[PDB]
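Q: Handing you this structure, nothing more for now.
Using ideal geometry, Cβ is built from the backbone for each residue, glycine included, and neighbour counts are taken over all protein chains shown. Bear in mind that the values in this text are calculations on the coordinates, not laboratory data.
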Amino acid sequence: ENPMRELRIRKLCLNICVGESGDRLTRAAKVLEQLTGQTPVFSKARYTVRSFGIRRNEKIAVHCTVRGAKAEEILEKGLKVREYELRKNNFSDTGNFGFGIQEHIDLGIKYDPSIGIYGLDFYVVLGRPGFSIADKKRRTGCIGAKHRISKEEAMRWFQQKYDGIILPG
RNA sequence: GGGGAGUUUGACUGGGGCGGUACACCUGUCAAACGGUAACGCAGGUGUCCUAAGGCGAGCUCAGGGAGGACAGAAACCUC
Ligand SMILES: [Mg+2]
Ligand SMILES: [Mg+2]
Ligand SMILES: [Mg+2]
Ligand SMILES: [Mg+2]
Ligand SMILES: [Mg+2]
Ligand SMILES: [Mg+2]
């Protein structure tokens, strides 16, 4: 059949967005250290609304990206607590789906009384071999039409691989 | 120390004074497809700021919009 149309997870991005900066944000950074085995990166204050206590140039959220077998393992750990029920509204038109979970105690982490209670967003992006064209510098080119992931293809791949159930939104 | 002595009381201006600076320097139109071209013609500005907001080299692409993700809501952060 298709020679090299096998779908594959390009990366898995975890993101923890807290309200205020300080000790809680530092702890939300420490939790990702043991969750992903790598140092996260801080994102801060794209704007200034002041309606809930943020300003310009203030550390707000932490995030990171995992690729490869570790990304697949983290996605499996997330779908474990998710129990493999995804809604129809979780999938985007491009083929990327995210679910989000509750506080990270259900992932299999030893609870620490000093860290606190934080969750993550757990956004997943799907890909195919050949999507690295739009990322290189020597020559840039669009993906195309028959190669880009569709809407139904993502949920079909999810049902085929992880045997999850798709609920109507 | 106007008791006394000397001298001055800017210019433009639809009379003069008051008002204003068209009195020094810029942007667009007036301005009639080279340049130049007036009115107290119009619409606006300037007497500052920067050891970086100068120089070089590298990396990246912005404003906005569309579809998604726990608290998240028109606007928080992540991804396409
Ligand atoms: Mg006299
Ligand atoms: Mg006169
Ligand atoms: Mg002429
Ligand atoms: Mg001329
Ligand atoms: Mg350059
Ligand atoms: Mg581009």
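Q: Might you check whether a residue that is acidic (D, E) and touching a helix residue (DSSP H, G or I) at 6+ places or on another chain (Cβ under 9 Å) occurs anywhere in the range A:88-105?
A: Just the residues of the range A:88-105 that are acidic (D, E), to begin with: A:93, A:103.
Those still in the list that are touching a helix residue (DSSP H, G or I) at 6+ places or on another chain (Cβ under 9 Å) too: A:93.
Yes - at least one qualifying residue is present in the range A:88-105.
Q: I'm told A:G141 meets every condition in (1) surrounded by 14 or more Cβ atoms within 10 Å (Cβ to Cβ); (2) farther than 24 Å from A:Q102 by Cβ except one. Can you identify the failing condition by its number?
A: Of the numbered conditions (1) surrounded by 14 or more Cβ atoms within 10 Å (Cβ to Cβ); (2) farther than 24 Å from A:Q102 by Cβ, the odd one out for A:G141 is (1).
Q: Residue by residue through the range A:102-123, note down the ones that are at negative phi, within 10 Å of RNA strand B (Cβ to nearest atom) and touching a residue at least 24 places away in the same chain (Cβ under 8 Å).
A: Here is the first cut: in the range A:102-123, the ones at negative phi are A:102-107, A:109-115, A:117-121, A:123.
Restricting the remaining residues to those that are within 10 Å of RNA strand B (Cβ to nearest atom) gives A:102-104, A:117-121, A:123.
Listed by number, the residues that qualify are A:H104, A:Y118, A:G119, A:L120, A:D121, A:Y123.
Q: Identify the single condition in (1) within 26 Å of A:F131 (Cβ to Cβ); (2) out of contact with any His (no Cβ under 6 Å at 6 or more places or on another chain); (3) surrounded by 15 or more Cβ atoms within 10 Å (Cβ to Cβ) that A:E76 does not satisfy, given that it satisfies every other one.
A: So the condition that A:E76 fails would be (3).
One line per residue, one yes/no per condition, for (1) surrounded by fewer than 12 Cβ atoms within 10 Å (Cβ to Cβ); (2) among the hydroxyl-bearing types (S, T, Y); (3) more than 9 Å from RNA strand B (Cβ to nearest atom); (4) more than 17 Å from A:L107 (Cα to Cα):
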site: A:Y47; (1), (2), (3), (4): yes, yes, no, yes
site: A:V62; (1), (2), (3), (4): no, no, no, yes
site: A:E72; (1), (2), (3), (4): no, no, yes, no
site: A:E83; (1), (2), (3), (4): yes, no, yes, no
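Q: Oh, and also: When you scan the range A:79-169 for strands (runs of 3 or more DSSP E) that lie fully inside it, which ones turn up with 2 or more residues that are in contact with a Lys or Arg (Cβ under 9 Å, 6 or more places away or on another chain)? Reasoning before the result, please.
A: Numbers: elements: A:85-87, A:123-127, A:165-167.
The strands (runs of 3 or more DSSP E) meeting that bar are A:123-127, A:165-167.
Q: Looking for something of a type outside the set (S, T, Y), exposed (fewer than 13 other Cβ atoms within 10 Å of the Cβ) and in contact with a strand residue (DSSP E or B) (Cβ under 6 Å, 6 or more places away or on another chain) - is there at least one such residue anywhere in the range A:157-165?
A: Yes, because at least one residue in the range A:157-165 is of a type outside the set (S, T, Y), exposed (fewer than 13 other Cβ atoms within 10 Å of the Cβ) and in contact with a strand residue (DSSP E or B) (Cβ under 6 Å, 6 or more places away or on another chain).
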